[PDB]
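A single chain comes next, written as structure tokens; it is the form deposited in one PDB entry.
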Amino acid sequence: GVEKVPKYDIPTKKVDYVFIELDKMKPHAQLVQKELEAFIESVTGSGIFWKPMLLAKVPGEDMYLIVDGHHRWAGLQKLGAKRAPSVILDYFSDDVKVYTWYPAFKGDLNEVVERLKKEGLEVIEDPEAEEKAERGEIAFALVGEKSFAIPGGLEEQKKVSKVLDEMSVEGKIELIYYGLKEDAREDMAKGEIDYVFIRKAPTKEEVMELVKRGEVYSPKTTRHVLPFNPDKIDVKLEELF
């Protein structure tokens, strides 16, 4: 997939799954095309669905927030499947923590910036872009050798994400999402990526608030972390219809 594997593997737990209908699931985020395609090819090719979705009950509604699993959800619906193996979490428990994923690329800075500016974004050279972005003052900081501020909020975050999605589909960049910006910096020094986009993470209150209004975030906005990762499950794709 598009995400960088964590440098430390947290403990696994054999939590088991329950089938939940895909049309009872509510997205809070947009999709990355390469992440969707990779899941569809993996599950159809292998015949096995091995990672349960993470869900939480939406307050006041007979629906579940997709905590983690937007591409599995979209991909399965696209394939015509009806349900997915799921884990129902207590969203406001202190055992659900939320951070973010940082978009990153190996590719030409100048072509990326040009495409961002063509979409109407401002990309302003700014040595304090990173800390502005961590404070939530700008949409993203574009940081590597150079440092740029991208002003705005959610709409600009969507615009940025869309440019990267398109450039990724066109083969002009390799698009990778990092859980930790320090991992991105380490890979920069190895030459494995050139630039990373820094953003402040949402809070759990903001996520549910946003979903209750029927809105979505830009892709990979939340990185939810539990005290464990569920163990691999062994569900046939045919069992999801």
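When you see a residue number, it is the position in the sequence shown, counting from 1.
Asks: Mean CA temperature factor from the deposited coordinates, higher in 150-158 or in 92-100?
Replies: Averaged over C-alpha atoms, the B-factors run higher in 92-100.
Asks: Taking only the CA atoms, which stretch has the higher mean B-factor in the record, 223-231 or 8-16?
Replies: Going by the record's values, the stretch with the higher mean is 8-16.
Asks: According to the Cα B-factor stored in this entry, which of the following is highest: 45, 179, 59, 69?
Replies: Result of the comparison over 45, 179, 59, 69: 59.
Asks: If you check the C-alpha B-factor for each of 38, 32, 201, 63 in the entry, which is highest?
Replies: 63 has the highest C-alpha B-factor of those listed.
Asks: Mind checking which third residue 188 falls in for C-alpha B-factor across the chain?
Replies: As the PDB entry reports it, the C-alpha B-factor of residue 188 lands in the highest third of its chain.
Asks: C-alpha B factor of residue 138, ranked within the chain: lowest, middle or highest third?
Replies: For residue 138, the deposited C-alpha B-factor lands in the lowest third.
Asks: Would the CA B-factor of residue 85 place it in the lowest, middle or highest third of its chain?
Replies: For residue 85, the deposited C-alpha B-factor lands in the lowest third.
Asks: Compared with the other modelled residues in the chain, in which third is the CA B-factor of residue 214?
Replies: Highest third of the chain for residue 214's C-alpha B-factor.
Asks: Lowest, middle or highest third: where is residue 175 by Cα B-factor in its chain?
Replies: For residue 175, the deposited C-alpha B-factor lands in the middle third.
We do not show the form deposited in another entry, though everything after this point is about it.
Asks: With a shift of at least 3 angstroms, figure out whether the C-alpha spacing between residue 8 and residue 225 grows or shrinks in that other deposited form: closer or farther?
Replies: Their C-alpha distance shrinks by at least 3 Å in that other deposited form.
Asks: Work out whether the Cα atoms of residue 8 and residue 206 come closer together or move farther apart in that other deposited form than they are in this form, the change being 3 angstroms or more.
Replies: Nearer in that other deposited form, by 3 Å or more.
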